[PDB]
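**Q** Below is the file my_file-v7.pdb, which contains PDB, N, CA and C atoms and all ligand atoms.
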MODEL        1
ATOM      1  N   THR A   1      42.132 -44.776  13.062  1.00  0.00           N
ATOM      2  CA  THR A   1      40.894 -44.141  13.408  1.00  0.00           C
ATOM      3  C   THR A   1      41.165 -42.668  13.734  1.00  0.00           C
ATOM      4  N   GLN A   2      40.515 -41.779  13.013  1.00  0.00           N
ATOM      5  CA  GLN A   2      40.744 -40.356  13.117  1.00  0.00           C
ATOM      6  C   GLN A   2      40.261 -39.825  14.462  1.00  0.00           C
ATOM      7  N   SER A   3      41.139 -39.135  15.141  1.00  0.00           N
ATOM      8  CA  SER A   3      40.837 -38.549  16.407  1.00  0.00           C
ATOM      9  C   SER A   3      39.949 -37.299  16.254  1.00  0.00           C
ATOM     10  N   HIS A   4      39.470 -36.804  17.370  1.00  0.00           N
ATOM     11  CA  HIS A   4      38.591 -35.659  17.426  1.00  0.00           C
ATOM     12  C   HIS A   4      39.326 -34.430  16.882  1.00  0.00           C
ATOM     13  N   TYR A   5      38.642 -33.685  16.001  1.00  0.00           N
ATOM     14  CA  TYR A   5      39.162 -32.477  15.324  1.00  0.00           C
ATOM     15  C   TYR A   5      40.086 -32.801  14.158  1.00  0.00           C
ATOM     16  N   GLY A   6      40.214 -34.067  13.839  1.00  0.00           N
ATOM     17  CA  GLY A   6      41.007 -34.452  12.705  1.00  0.00           C
ATOM     18  C   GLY A   6      40.178 -34.461  11.438  1.00  0.00           C
ATOM     19  N   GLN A   7      40.846 -34.400  10.300  1.00  0.00           N
ATOM     20  CA  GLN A   7      40.189 -34.410   9.012  1.00  0.00           C
ATOM     21  C   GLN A   7      39.780 -35.841   8.661  1.00  0.00           C
ATOM     22  N   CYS A   8      38.500 -36.082   8.622  1.00  0.00           N
ATOM     23  CA  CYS A   8      37.961 -37.430   8.434  1.00  0.00           C
ATOM     24  C   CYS A   8      37.733 -37.792   6.979  1.00  0.00           C
ATOM     25  N   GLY A   9      38.111 -36.936   6.078  1.00  0.00           N
ATOM     26  CA  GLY A   9      37.962 -37.299   4.705  1.00  0.00           C
ATOM     27  C   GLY A   9      37.180 -36.322   3.894  1.00  0.00           C
ATOM     28  N   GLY A  10      37.882 -35.397   3.316  1.00  0.00           N
ATOM     29  CA  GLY A  10      37.297 -34.521   2.354  1.00  0.00           C
ATOM     30  C   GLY A  10      37.659 -35.029   0.990  1.00  0.00           C
ATOM     31  N   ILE A  11      37.305 -34.306  -0.045  1.00  0.00           N
ATOM     32  CA  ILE A  11      37.658 -34.682  -1.413  1.00  0.00           C
ATOM     33  C   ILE A  11      39.178 -34.878  -1.546  1.00  0.00           C
ATOM     34  N   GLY A  12      39.580 -36.087  -1.867  1.00  0.00           N
ATOM     35  CA  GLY A  12      40.978 -36.369  -2.090  1.00  0.00           C
ATOM     36  C   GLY A  12      41.704 -36.882  -0.864  1.00  0.00           C
ATOM     37  N   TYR A  13      41.106 -36.752   0.298  1.00  0.00           N
ATOM     38  CA  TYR A  13      41.762 -37.193   1.512  1.00  0.00           C
ATOM     39  C   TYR A  13      41.571 -38.697   1.689  1.00  0.00           C
ATOM     40  N   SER A  14      42.611 -39.445   1.422  1.00  0.00           N
ATOM     41  CA  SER A  14      42.570 -40.888   1.489  1.00  0.00           C
ATOM     42  C   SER A  14      43.214 -41.411   2.782  1.00  0.00           C
ATOM     43  N   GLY A  15      43.385 -40.525   3.747  1.00  0.00           N
ATOM     44  CA  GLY A  15      43.960 -40.905   5.024  1.00  0.00           C
ATOM     45  C   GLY A  15      42.900 -41.464   5.965  1.00  0.00           C
ATOM     46  N   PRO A  16      43.073 -41.338   7.295  1.00  0.00           N
ATOM     47  CA  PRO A  16      42.096 -41.844   8.272  1.00  0.00           C
ATOM     48  C   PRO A  16      40.714 -41.200   8.089  1.00  0.00           C
ATOM     49  N   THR A  17      39.751 -42.014   7.744  1.00  0.00           N
ATOM     50  CA  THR A  17      38.430 -41.541   7.416  1.00  0.00           C
ATOM     51  C   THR A  17      37.400 -41.854   8.502  1.00  0.00           C
ATOM     52  N   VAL A  18      37.623 -42.913   9.237  1.00  0.00           N
ATOM     53  CA  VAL A  18      36.704 -43.304  10.276  1.00  0.00           C
ATOM     54  C   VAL A  18      37.096 -42.621  11.561  1.00  0.00           C
ATOM     55  N   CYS A  19      36.164 -41.953  12.168  1.00  0.00           N
ATOM     56  CA  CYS A  19      36.415 -41.223  13.387  1.00  0.00           C
ATOM     57  C   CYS A  19      36.301 -42.137  14.598  1.00  0.00           C
ATOM     58  N   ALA A  20      36.898 -41.714  15.707  1.00  0.00           N
ATOM     59  CA  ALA A  20      36.804 -42.435  16.969  1.00  0.00           C
ATOM     60  C   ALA A  20      35.344 -42.545  17.395  1.00  0.00           C
ATOM     61  N   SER A  21      34.990 -43.637  18.038  1.00  0.00           N
ATOM     62  CA  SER A  21      33.625 -43.865  18.476  1.00  0.00           C
ATOM     63  C   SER A  21      33.159 -42.747  19.407  1.00  0.00           C
ATOM     64  N   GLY A  22      32.151 -42.035  18.974  1.00  0.00           N
ATOM     65  CA  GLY A  22      31.652 -40.921  19.720  1.00  0.00           C
ATOM     66  C   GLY A  22      31.821 -39.649  18.937  1.00  0.00           C
ATOM     67  N   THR A  23      32.734 -39.662  17.998  1.00  0.00           N
ATOM     68  CA  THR A  23      32.949 -38.526  17.153  1.00  0.00           C
ATOM     69  C   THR A  23      32.446 -38.853  15.768  1.00  0.00           C
ATOM     70  N   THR A  24      31.864 -37.897  15.136  1.00  0.00           N
ATOM     71  CA  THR A  24      31.258 -38.106  13.864  1.00  0.00           C
ATOM     72  C   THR A  24      31.938 -37.261  12.808  1.00  0.00           C
ATOM     73  N   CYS A  25      32.106 -37.814  11.634  1.00  0.00           N
ATOM     74  CA  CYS A  25      32.716 -37.096  10.541  1.00  0.00           C
ATOM     75  C   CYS A  25      31.755 -36.028  10.046  1.00  0.00           C
ATOM     76  N   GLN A  26      32.139 -34.794  10.217  1.00  0.00           N
ATOM     77  CA  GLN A  26      31.351 -33.672   9.798  1.00  0.00           C
ATOM     78  C   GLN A  26      31.959 -33.067   8.565  1.00  0.00           C
ATOM     79  N   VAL A  27      31.278 -33.191   7.465  1.00  0.00           N
ATOM     80  CA  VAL A  27      31.731 -32.590   6.234  1.00  0.00           C
ATOM     81  C   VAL A  27      31.415 -31.104   6.292  1.00  0.00           C
ATOM     82  N   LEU A  28      32.414 -30.325   6.631  1.00  0.00           N
ATOM     83  CA  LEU A  28      32.251 -28.899   6.802  1.00  0.00           C
ATOM     84  C   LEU A  28      32.349 -28.213   5.462  1.00  0.00           C
ATOM     85  N   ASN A  29      33.261 -28.687   4.656  1.00  0.00           N
ATOM     86  CA  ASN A  29      33.517 -28.133   3.346  1.00  0.00           C
ATOM     87  C   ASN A  29      33.774 -29.300   2.427  1.00  0.00           C
ATOM     88  N   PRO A  30      33.788 -29.103   1.089  1.00  0.00           N
ATOM     89  CA  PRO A  30      34.075 -30.181   0.142  1.00  0.00           C
ATOM     90  C   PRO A  30      35.394 -30.908   0.448  1.00  0.00           C
ATOM     91  N   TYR A  31      36.439 -30.175   0.793  1.00  0.00           N
ATOM     92  CA  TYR A  31      37.683 -30.842   1.108  1.00  0.00           C
ATOM     93  C   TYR A  31      37.908 -30.980   2.615  1.00  0.00           C
ATOM     94  N   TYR A  32      37.352 -30.100   3.406  1.00  0.00           N
ATOM     95  CA  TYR A  32      37.525 -30.234   4.831  1.00  0.00           C
ATOM     96  C   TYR A  32      36.373 -30.939   5.550  1.00  0.00           C
ATOM     97  N   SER A  33      36.659 -32.073   6.112  1.00  0.00           N
ATOM     98  CA  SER A  33      35.717 -32.786   6.933  1.00  0.00           C
ATOM     99  C   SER A  33      36.400 -33.014   8.282  1.00  0.00           C
ATOM    100  N   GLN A  34      35.707 -32.812   9.377  1.00  0.00           N
ATOM    101  CA  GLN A  34      36.309 -32.931  10.707  1.00  0.00           C
ATOM    102  C   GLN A  34      35.498 -33.852  11.613  1.00  0.00           C
ATOM    103  N   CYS A  35      36.179 -34.675  12.392  1.00  0.00           N
ATOM    104  CA  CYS A  35      35.505 -35.531  13.353  1.00  0.00           C
ATOM    105  C   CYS A  35      35.116 -34.734  14.576  1.00  0.00           C
ATOM    106  N   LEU A  36      33.842 -34.627  14.797  1.00  0.00           N
ATOM    107  CA  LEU A  36      33.289 -33.930  15.913  1.00  0.00           C
ATOM    108  C   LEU A  36      32.413 -34.856  16.701  1.00  0.00           C
TER     109      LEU A  36
HETATM  110  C1  LIG A 101      43.444 -37.336  15.340  1.00  0.00           C
HETATM  111  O1  LIG A 101      44.220 -38.560  15.237  1.00  0.00           O
HETATM  112  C2  LIG A 101      44.830 -38.776  13.921  1.00  0.00           C
HETATM  113  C3  LIG A 101      45.587 -40.081  13.980  1.00  0.00           C
HETATM  114  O2  LIG A 101      44.762 -41.141  14.440  1.00  0.00           O
HETATM  115  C4  LIG A 101      45.732 -37.589  13.576  1.00  0.00           C
HETATM  116  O3  LIG A 101      46.320 -37.742  12.296  1.00  0.00           O
HETATM  117  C5  LIG A 101      44.914 -36.324  13.595  1.00  0.00           C
HETATM  118  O4  LIG A 101      45.737 -35.235  13.230  1.00  0.00           O
HETATM  119  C6  LIG A 101      44.333 -36.137  14.986  1.00  0.00           C
HETATM  120  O5  LIG A 101      43.579 -34.939  15.057  1.00  0.00           O
ENDMDL
END
Before we go any further, please render this structure as structure tokens.

**A**
Amino acid sequence: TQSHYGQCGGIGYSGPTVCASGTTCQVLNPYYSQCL
């Protein structure tokens, strides 16, 4: 589970995609998404 400020899954990012409860995956850019 992706911690706060971690990359939650942009294009190609097959790592931790689900953010910690309370943090939401914010797709900031096509490849950069951050759990906020
Ligand atoms: C949030 O936590 C993940 C591991 O769960 C780590 O890879 C991230 O870098 C961190 O921000």

**Q** Write out as a compact mmCIF listing (two decimals) with N, CA and C atoms, in the frame of the given file each polymer residue whose atoms come within 8 Å of region 13-17 of chain A, counting all atoms listed in the file; drop sequence neighbours fewer than 4 positions from it.

**A**
# COMPACT_ATOMS: atom_id res chain seq x y z
N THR A 1 42.13 -44.78 13.06
CA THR A 1 40.89 -44.14 13.41
C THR A 1 41.16 -42.67 13.73
N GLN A 2 40.52 -41.78 13.01
CA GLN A 2 40.74 -40.36 13.12
C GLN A 2 40.26 -39.83 14.46
N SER A 3 41.14 -39.14 15.14
CA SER A 3 40.84 -38.55 16.41
C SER A 3 39.95 -37.30 16.25
N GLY A 6 40.21 -34.07 13.84
CA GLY A 6 41.01 -34.45 12.70
C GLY A 6 40.18 -34.46 11.44
N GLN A 7 40.85 -34.40 10.30
CA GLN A 7 40.19 -34.41 9.01
C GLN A 7 39.78 -35.84 8.66
N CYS A 8 38.50 -36.08 8.62
CA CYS A 8 37.96 -37.43 8.43
C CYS A 8 37.73 -37.79 6.98
N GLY A 9 38.11 -36.94 6.08
CA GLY A 9 37.96 -37.30 4.70
C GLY A 9 37.18 -36.32 3.89
N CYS A 25 32.11 -37.81 11.63
CA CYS A 25 32.72 -37.10 10.54
C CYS A 25 31.76 -36.03 10.05
N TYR A 31 36.44 -30.18 0.79
CA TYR A 31 37.68 -30.84 1.11
C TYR A 31 37.91 -30.98 2.62

**Q** Give me, please, the distance in Å between CA of residue 22 (chain A) and CA of residue 4 (chain A), quoted to one decimal.

**A**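 These two atoms are separated by 9.0 Å.
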
**Q** CA of residue 10 (chain A) to atom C2 of ligand LIG 101 (chain A): how many Å, to one decimal?

**A**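 Computed distance, CA of residue 10 (chain A) to atom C2 of ligand LIG 101 (chain A), equals 14.4 Å.
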
**Q** Edge lengths and centre in Å to one decimal, as JSON, of the axis-aligned box that encloses all listed atoms of ligand LIG 101 (chain A) with 6 Å added on every side?

**A**
{"center_x": 44.9, "center_y": -38.0, "center_z": 13.8, "size_x": 14.9, "size_y": 18.2, "size_z": 15.0}

**Q** Between atom C of residue 32 (chain A) and atom N of residue 11 (chain A), what is the distance, to one decimal in Å?

**A**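 Distance between the two atoms: 6.6 Å.
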
**Q** Give me the residues near residue 5 (chain A) as a ChimeraX atom specification, where near means some atom within 6 Å (using all atoms listed in the file) and where sequence neighbours in that chain fewer than 4 positions away do not count.

**A** /A:34-36
